[PDB]
């Protein structure tokens, strides 16, 4: 079974009359034809006018632009895709309908306005001036000529675990967890519980509530970098795919490079090829990586809040240093 299959997705959306639903939403405008985003222009959704300012990313099938809602003055991202990405809108709508935690609402992208054409969609959401973890990590490294501080990465990992934990509680698999798809929305606070990250880009997410309970998947990514452990050993997967992605992000944050996994021969345990330095909190990181990468089956996922506890205990041992590191981090990014 392949949960990313384009015809499956069409079938799923039709089965729940998605089109009929979004036609009723006041922040969504259906139109015949959506123009290509272009710098220094204006865009309207109903009554609301937006400046379209500068390109952020641009591929053959879409782009992201920064712009501004003229009335409120708020900066926005404008995300355009061909063909129309209904599925991305569906996941975003479901996430915010299933949320009950006041704490977690800022940590998932919210589509404020949607312009939905026959050819193309444009989704508008809050713009982050700090950008993705990729941009933040590269900025910090270029200024310091060092890897991101170990304890700042603990603080960020604690946050990512919390966001993924609540997402999985809602029966959603993001399925594209990478540093590119976490935004830093605001500076870091000393309190590890304060969320400053936001998960974005639900383009290939999986909604488990659309499938029977006990449903699993066996589709295998082509690119080795993105194969989770189950995909490498001919086994079924569900939430494991996101947990694999979490490790890959932590790896990029800690080491400035992309994760390769290997069996730690002669055992069957999978771990990153990179060795955690002995003067890092090595036992802690190894526990975290091992627990997230090596999962018995789809019936029971590891306790993510236990991992957060391990990180908070390490952060608590050095509260003075941590406050200092976060301050330097925030100052770099001002």
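Numbering follows the first chain given and starts at 1.
Peer 1: Averaging C-alpha B-factors over each stretch, which comes out higher, 45 to 53 or 285 to 293?
Peer 2: The stretch with the larger mean CA B-factor is 45 to 53.
Peer 1: Quick one: higher average CA temperature factor, 294 to 302 or 29 to 37?
Peer 2: The recorded data point to 294 to 302.
Peer 1: I'd like to know which of 102, 94, 176, 165 has the highest C-alpha temperature factor in the PDB entry.
Peer 2: Answer, based on the entry's C-alpha B-factors: 102.
Peer 1: Among 117, 106, 135, 256, where is the Cα temperature factor highest, going by the PDB entry?
Peer 2: By C-alpha B-factor in the record, 256 ranks first.
Peer 1: Sorting the chain's CA B-factors, does residue 182 end up in the lowest, middle or highest third?
Peer 2: Residue 182: CA B-factor falls in the lowest third of its chain.
Peer 1: Determine, from the deposited record, the chain-internal third of the Cα B-factor for residue 63: lowest, middle or highest.
Peer 2: Ranked within chain, residue 63 CA B lands in the middle tercile.
Peer 1: Going by what the PDB entry lists, where does residue 146 fall on CA B-factor within its chain: lowest, middle or highest third?
Peer 2: Middle third, going by the recorded CA B-factors of the chain.
Peer 1: Classify residue 204 as lowest, middle or highest third according to the C-alpha B-factor given in the PDB entry, relative to its own chain.
Peer 2: CA B-factor rank for residue 204: middle third.
Peer 1: Based on the deposited C-alpha B factors for this chain, I'd like to know if residue 171 is in the lowest, middle or highest third.
Peer 2: Middle third.
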